[PDB]
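Asker: One structure, pasted below without further comment.
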Amino acid sequence: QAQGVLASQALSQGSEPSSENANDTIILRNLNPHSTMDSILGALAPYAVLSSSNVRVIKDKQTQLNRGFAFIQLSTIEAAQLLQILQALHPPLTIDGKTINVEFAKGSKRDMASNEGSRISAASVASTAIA
């Protein structure tokens with residue numbers, strides 16, 4: 001029994017600009033080598049309109065298991081509003097007692113634009129001999 005132990009919350013911020021390429025992408029932490037995509041998809045189910053395109057999970061090199069993090073791509077404003085929601089929730093997919101943090105792996109902003117250019121890569125094609 002205790003009923004006499006309480007703590008406070010705190011925050012931090014602080015970033016400087018870098019790169020060109022960024023996209024407002026949420027990042028997961030606290031995860032385990034065995035965690036599934038499911039935990040993330042289940043958490044965001046009623047709070048997003050996304051799928052397993054958005055939810056991605058880089059593995060380790062020494063193993064073929066996870067690296068304790070994962071990714072979610074979002075719209076700019078939506079990334080910067082979803083984050084605050086996620087500070088209060090966790091999915092039922094608690095493998096190995098693993099609840100799910102929230103953090104924000106953005107960088108730069110965006111603006112509206114377009115592009116144009118070619119996309120070709122070739123050299124030659126030869127794949128036989130004779131004898």
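Ligands are numbered from 1 in the order shown, chains are lettered A, B, ... in the order of the structure tokens, and residues start at 1 in each chain.
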DSSP on the backbone, strand (DSSP E or B) only: what residues of chain A does that give? Format it as a PDB file with N, CA, C and O atoms, in the first residue's frame.

Answerer:
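Full text of states11.pdb as output:
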```
ATOM      1  N   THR A  25       7.058  13.493 -39.257  1.00  0.00           N
ATOM      2  CA  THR A  25       6.937  12.051 -39.112  1.00  0.00           C
ATOM      3  C   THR A  25       7.046  11.789 -37.607  1.00  0.00           C
ATOM      4  O   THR A  25       7.994  12.247 -36.964  1.00  0.00           O
ATOM      5  N   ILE A  26       6.054  11.127 -37.022  1.00  0.00           N
ATOM      6  CA  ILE A  26       6.104  10.684 -35.636  1.00  0.00           C
ATOM      7  C   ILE A  26       7.075   9.494 -35.586  1.00  0.00           C
ATOM      8  O   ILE A  26       7.294   8.790 -36.579  1.00  0.00           O
ATOM      9  N   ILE A  27       7.660   9.267 -34.418  1.00  0.00           N
ATOM     10  CA  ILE A  27       8.605   8.193 -34.144  1.00  0.00           C
ATOM     11  C   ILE A  27       8.156   7.539 -32.844  1.00  0.00           C
ATOM     12  O   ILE A  27       7.692   8.212 -31.919  1.00  0.00           O
ATOM     13  N   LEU A  28       8.290   6.222 -32.779  1.00  0.00           N
ATOM     14  CA  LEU A  28       7.967   5.444 -31.599  1.00  0.00           C
ATOM     15  C   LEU A  28       9.273   5.097 -30.883  1.00  0.00           C
ATOM     16  O   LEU A  28      10.310   4.959 -31.533  1.00  0.00           O
ATOM     17  N   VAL A  55       2.917   3.314 -41.186  1.00  0.00           N
ATOM     18  CA  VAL A  55       3.527   2.574 -40.102  1.00  0.00           C
ATOM     19  C   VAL A  55       4.666   1.752 -40.711  1.00  0.00           C
ATOM     20  O   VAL A  55       4.426   0.908 -41.572  1.00  0.00           O
ATOM     21  N   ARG A  56       5.909   2.023 -40.304  1.00  0.00           N
ATOM     22  CA  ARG A  56       7.113   1.332 -40.781  1.00  0.00           C
ATOM     23  C   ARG A  56       7.972   0.997 -39.567  1.00  0.00           C
ATOM     24  O   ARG A  56       7.867   1.696 -38.557  1.00  0.00           O
ATOM     25  N   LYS A  59      14.470  -2.798 -38.702  1.00  0.00           N
ATOM     26  CA  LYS A  59      15.018  -3.915 -37.926  1.00  0.00           C
ATOM     27  C   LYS A  59      16.458  -3.612 -37.494  1.00  0.00           C
ATOM     28  O   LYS A  59      16.974  -2.536 -37.804  1.00  0.00           O
ATOM     29  N   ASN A  66      13.643  -6.073 -34.141  1.00  0.00           N
ATOM     30  CA  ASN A  66      13.508  -4.614 -34.170  1.00  0.00           C
ATOM     31  C   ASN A  66      14.649  -3.889 -33.441  1.00  0.00           C
ATOM     32  O   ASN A  66      15.401  -4.494 -32.674  1.00  0.00           O
ATOM     33  N   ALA A  70      10.130   2.818 -34.096  1.00  0.00           N
ATOM     34  CA  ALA A  70       9.397   2.649 -35.348  1.00  0.00           C
ATOM     35  C   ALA A  70       8.983   4.038 -35.879  1.00  0.00           C
ATOM     36  O   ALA A  70       9.248   5.034 -35.207  1.00  0.00           O
ATOM     37  N   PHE A  71       8.352   4.129 -37.055  1.00  0.00           N
ATOM     38  CA  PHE A  71       8.048   5.366 -37.794  1.00  0.00           C
ATOM     39  C   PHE A  71       6.542   5.491 -38.101  1.00  0.00           C
ATOM     40  O   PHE A  71       5.897   4.465 -38.331  1.00  0.00           O
ATOM     41  N   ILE A  72       6.009   6.720 -38.223  1.00  0.00           N
ATOM     42  CA  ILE A  72       4.670   7.014 -38.756  1.00  0.00           C
ATOM     43  C   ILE A  72       4.738   8.336 -39.536  1.00  0.00           C
ATOM     44  O   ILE A  72       5.046   9.365 -38.938  1.00  0.00           O
ATOM     45  N   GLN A  73       4.457   8.345 -40.842  1.00  0.00           N
ATOM     46  CA  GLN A  73       4.399   9.586 -41.621  1.00  0.00           C
ATOM     47  C   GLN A  73       3.007  10.237 -41.496  1.00  0.00           C
ATOM     48  O   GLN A  73       2.000   9.522 -41.551  1.00  0.00           O
ATOM     49  N   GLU A 103       7.283  10.567 -29.630  1.00  0.00           N
ATOM     50  CA  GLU A 103       8.264  11.596 -29.938  1.00  0.00           C
ATOM     51  C   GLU A 103       8.076  11.985 -31.417  1.00  0.00           C
ATOM     52  O   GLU A 103       7.304  11.339 -32.134  1.00  0.00           O
ATOM     53  N   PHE A 104       8.745  13.038 -31.893  1.00  0.00           N
ATOM     54  CA  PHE A 104       8.472  13.674 -33.172  1.00  0.00           C
ATOM     55  C   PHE A 104       9.778  13.775 -33.955  1.00  0.00           C
ATOM     56  O   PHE A 104      10.664  14.564 -33.616  1.00  0.00           O
TER      57      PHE A 104
END
```

Asker: Do you know which residues are at most 8 Å from stretch 96-101 of chain A counting only C-alpha atoms, after dropping those on the same chain fewer than 2 positions away, and could you put them as a PDB file with N, CA and C atoms, in the first residue's frame?

Answerer:
```pdb
ATOM      1  N   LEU A  28       8.290   6.222 -32.779  1.00  0.00           N
ATOM      2  CA  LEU A  28       7.967   5.444 -31.599  1.00  0.00           C
ATOM      3  C   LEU A  28       9.273   5.097 -30.883  1.00  0.00           C
ATOM      4  N   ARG A  29       9.230   4.913 -29.564  1.00  0.00           N
ATOM      5  CA  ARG A  29      10.304   4.495 -28.663  1.00  0.00           C
ATOM      6  C   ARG A  29       9.721   3.485 -27.665  1.00  0.00           C
ATOM      7  N   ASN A  30      10.562   2.952 -26.773  1.00  0.00           N
ATOM      8  CA  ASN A  30      10.251   1.980 -25.713  1.00  0.00           C
ATOM      9  C   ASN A  30       9.997   0.566 -26.242  1.00  0.00           C
ATOM     10  N   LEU A  31       9.992   0.370 -27.558  1.00  0.00           N
ATOM     11  CA  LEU A  31       9.517  -0.859 -28.176  1.00  0.00           C
ATOM     12  C   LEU A  31      10.525  -1.989 -27.946  1.00  0.00           C
ATOM     13  N   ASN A  32      10.141  -3.246 -28.196  1.00  0.00           N
ATOM     14  CA  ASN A  32      11.062  -4.386 -27.977  1.00  0.00           C
ATOM     15  C   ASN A  32      11.481  -5.075 -29.279  1.00  0.00           C
ATOM     16  N   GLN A  87       0.368  11.293 -26.081  1.00  0.00           N
ATOM     17  CA  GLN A  87       0.925  11.375 -24.736  1.00  0.00           C
ATOM     18  C   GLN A  87      -0.003  10.739 -23.690  1.00  0.00           C
ATOM     19  N   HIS A  90      -2.113   4.114 -24.997  1.00  0.00           N
ATOM     20  CA  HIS A  90      -1.315   2.948 -25.343  1.00  0.00           C
ATOM     21  C   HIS A  90      -2.241   1.835 -25.850  1.00  0.00           C
ATOM     22  N   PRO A  91      -1.798   1.027 -26.829  1.00  0.00           N
ATOM     23  CA  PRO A  91      -2.607  -0.032 -27.422  1.00  0.00           C
ATOM     24  C   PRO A  91      -2.687  -1.262 -26.506  1.00  0.00           C
ATOM     25  N   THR A  94       0.363  -5.087 -25.814  1.00  0.00           N
ATOM     26  CA  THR A  94       1.461  -4.952 -24.864  1.00  0.00           C
ATOM     27  C   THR A  94       2.238  -6.277 -24.744  1.00  0.00           C
ATOM     28  N   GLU A 103       7.283  10.567 -29.630  1.00  0.00           N
ATOM     29  CA  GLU A 103       8.264  11.596 -29.938  1.00  0.00           C
ATOM     30  C   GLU A 103       8.076  11.985 -31.417  1.00  0.00           C
TER      31      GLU A 103
END
```

Asker: Grab the atom CA of residue A:16 to atom CA of residue A:79 distance for me, in Å with one decimal place.

Answerer: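 Value for the atom CA of residue A:16-atom CA of residue A:79 distance: 18.7 Å.
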
Asker: Residues near residue A:43, anyone? I mean within 8 Å using only C-alpha atoms, not counting same-chain ones fewer than 2 positions away, as a ChimeraX atom specification.

Answerer: /A:39-41,45-46,89-92

Asker: Between atom CA of residue A:88 and atom CA of residue A:102, what distance in Å does the model show, to one decimal?

Answerer: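 Atom CA of residue A:102 lies at a distance of 9.5 Å from atom CA of residue A:88.
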
Asker: Could you pull the residues within 10 Å of residue A:78, counting only C-alpha atoms, minus those fewer than 3 positions along the same chain, as a ChimeraX atom specification?

Answerer: /A:24-25,48,73-75,81-83

Asker: Mind checking DSSP for chain A and telling me the alpha helix (DSSP H) residues as a list in words?

Answerer: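 Everything in chain A that counts as alpha helix (DSSP H) is residues 38, 39, 40, 41, 42, 43, 44, 76, 77, 78, 79, 80, 81, 82, 83, 84, 85 and 86 of chain A.
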
Asker: Could those residues be written to a file, using N, CA and C atoms, as a PDB file, in the first residue's frame?

Answerer:
```pdb
ATOM      1  N   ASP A  38       1.361  -4.162 -35.410  1.00  0.00           N
ATOM      2  CA  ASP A  38      -0.008  -4.166 -34.924  1.00  0.00           C
ATOM      3  C   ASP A  38      -0.236  -3.159 -33.815  1.00  0.00           C
ATOM      4  N   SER A  39       0.705  -3.073 -32.872  1.00  0.00           N
ATOM      5  CA  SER A  39       0.641  -2.186 -31.720  1.00  0.00           C
ATOM      6  C   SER A  39       0.392  -0.745 -32.185  1.00  0.00           C
ATOM      7  N   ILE A  40       1.129  -0.296 -33.202  1.00  0.00           N
ATOM      8  CA  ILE A  40       1.032   1.059 -33.709  1.00  0.00           C
ATOM      9  C   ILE A  40      -0.307   1.215 -34.435  1.00  0.00           C
ATOM     10  N   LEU A  41      -0.635   0.308 -35.363  1.00  0.00           N
ATOM     11  CA  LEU A  41      -1.878   0.406 -36.129  1.00  0.00           C
ATOM     12  C   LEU A  41      -3.101   0.420 -35.216  1.00  0.00           C
ATOM     13  N   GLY A  42      -3.105  -0.404 -34.169  1.00  0.00           N
ATOM     14  CA  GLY A  42      -4.194  -0.489 -33.215  1.00  0.00           C
ATOM     15  C   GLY A  42      -4.301   0.785 -32.389  1.00  0.00           C
ATOM     16  N   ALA A  43      -3.179   1.400 -31.997  1.00  0.00           N
ATOM     17  CA  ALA A  43      -3.211   2.613 -31.188  1.00  0.00           C
ATOM     18  C   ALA A  43      -3.865   3.752 -31.967  1.00  0.00           C
ATOM     19  N   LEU A  44      -3.468   3.932 -33.230  1.00  0.00           N
ATOM     20  CA  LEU A  44      -3.879   5.074 -34.041  1.00  0.00           C
ATOM     21  C   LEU A  44      -5.187   4.828 -34.786  1.00  0.00           C
ATOM     22  N   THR A  76       1.614  17.827 -41.917  1.00  0.00           N
ATOM     23  CA  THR A  76       2.375  18.733 -41.051  1.00  0.00           C
ATOM     24  C   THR A  76       1.609  19.053 -39.767  1.00  0.00           C
ATOM     25  N   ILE A  77       0.440  19.669 -39.940  1.00  0.00           N
ATOM     26  CA  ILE A  77      -0.434  20.101 -38.862  1.00  0.00           C
ATOM     27  C   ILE A  77      -0.862  18.884 -38.043  1.00  0.00           C
ATOM     28  N   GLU A  78      -1.182  17.786 -38.736  1.00  0.00           N
ATOM     29  CA  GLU A  78      -1.693  16.565 -38.135  1.00  0.00           C
ATOM     30  C   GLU A  78      -0.632  15.889 -37.283  1.00  0.00           C
ATOM     31  N   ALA A  79       0.633  15.972 -37.684  1.00  0.00           N
ATOM     32  CA  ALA A  79       1.745  15.427 -36.934  1.00  0.00           C
ATOM     33  C   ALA A  79       1.807  16.212 -35.625  1.00  0.00           C
ATOM     34  N   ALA A  80       1.871  17.539 -35.770  1.00  0.00           N
ATOM     35  CA  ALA A  80       1.914  18.505 -34.695  1.00  0.00           C
ATOM     36  C   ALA A  80       0.583  18.659 -33.928  1.00  0.00           C
ATOM     37  N   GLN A  81      -0.434  17.811 -34.120  1.00  0.00           N
ATOM     38  CA  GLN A  81      -1.618  17.742 -33.260  1.00  0.00           C
ATOM     39  C   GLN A  81      -1.793  16.325 -32.699  1.00  0.00           C
ATOM     40  N   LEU A  82      -1.382  15.304 -33.462  1.00  0.00           N
ATOM     41  CA  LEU A  82      -1.450  13.908 -33.063  1.00  0.00           C
ATOM     42  C   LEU A  82      -0.532  13.668 -31.875  1.00  0.00           C
ATOM     43  N   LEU A  83       0.663  14.274 -31.877  1.00  0.00           N
ATOM     44  CA  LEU A  83       1.661  14.100 -30.834  1.00  0.00           C
ATOM     45  C   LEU A  83       1.057  14.293 -29.442  1.00  0.00           C
ATOM     46  N   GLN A  84       0.263  15.350 -29.261  1.00  0.00           N
ATOM     47  CA  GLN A  84      -0.317  15.694 -27.972  1.00  0.00           C
ATOM     48  C   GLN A  84      -1.343  14.653 -27.541  1.00  0.00           C
ATOM     49  N   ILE A  85      -2.112  14.117 -28.488  1.00  0.00           N
ATOM     50  CA  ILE A  85      -3.069  13.052 -28.240  1.00  0.00           C
ATOM     51  C   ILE A  85      -2.306  11.831 -27.702  1.00  0.00           C
ATOM     52  N   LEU A  86      -1.206  11.437 -28.362  1.00  0.00           N
ATOM     53  CA  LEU A  86      -0.524  10.172 -28.074  1.00  0.00           C
ATOM     54  C   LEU A  86       0.129  10.136 -26.701  1.00  0.00           C
TER      55      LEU A  86
END
```

Asker: Expressed in Å to a single decimal, how great is the separation between atom CA of residue A:15 and atom CA of residue A:106?

Answerer: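 Computed distance, atom CA of residue A:15 to atom CA of residue A:106, equals 10.4 Å.
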
Asker: May I ask which of the residues A:108, A:63, A:115, A:1 is the closest one to residue A:34, counting only C-alpha atoms?

Answerer: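 Checking each of A:108, A:63, A:115, A:1 against residue A:34, counting only C-alpha atoms, the winner is A:63.
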
Asker: Residues within 9 Å of residue A:21, please, as number ranges by chain. Count only C-alpha atoms; anything in the same chain fewer than 3 positions from it doesn't count.

Answerer: A: 18, 107-110

Asker: For the residues selected in the previous step, produce a file with N, CA, C and O atoms as a tab-separated table (two decimals), in the first residue's frame.

Answerer:
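File written: again-v2.tsv
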```
chain	number	residue	atom	x	y	z
A	18	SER	N	18.10	22.71	-40.38
A	18	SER	CA	19.10	21.93	-41.10
A	18	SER	C	18.42	21.20	-42.24
A	18	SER	O	17.21	20.96	-42.19
A	107	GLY	N	12.00	17.65	-39.08
A	107	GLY	CA	13.22	18.43	-39.23
A	107	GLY	C	12.79	19.81	-39.71
A	107	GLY	O	12.23	20.59	-38.93
A	108	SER	N	12.98	20.10	-40.99
A	108	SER	CA	12.38	21.23	-41.69
A	108	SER	C	10.85	21.11	-41.79
A	108	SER	O	10.26	20.07	-41.46
A	109	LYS	N	10.19	22.20	-42.22
A	109	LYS	CA	8.77	22.29	-42.57
A	109	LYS	C	8.52	21.72	-43.97
A	109	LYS	O	9.38	21.05	-44.54
A	110	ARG	N	7.36	22.01	-44.58
A	110	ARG	CA	7.26	22.04	-46.04
A	110	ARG	C	6.63	23.34	-46.53
A	110	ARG	O	6.18	24.19	-45.75
```
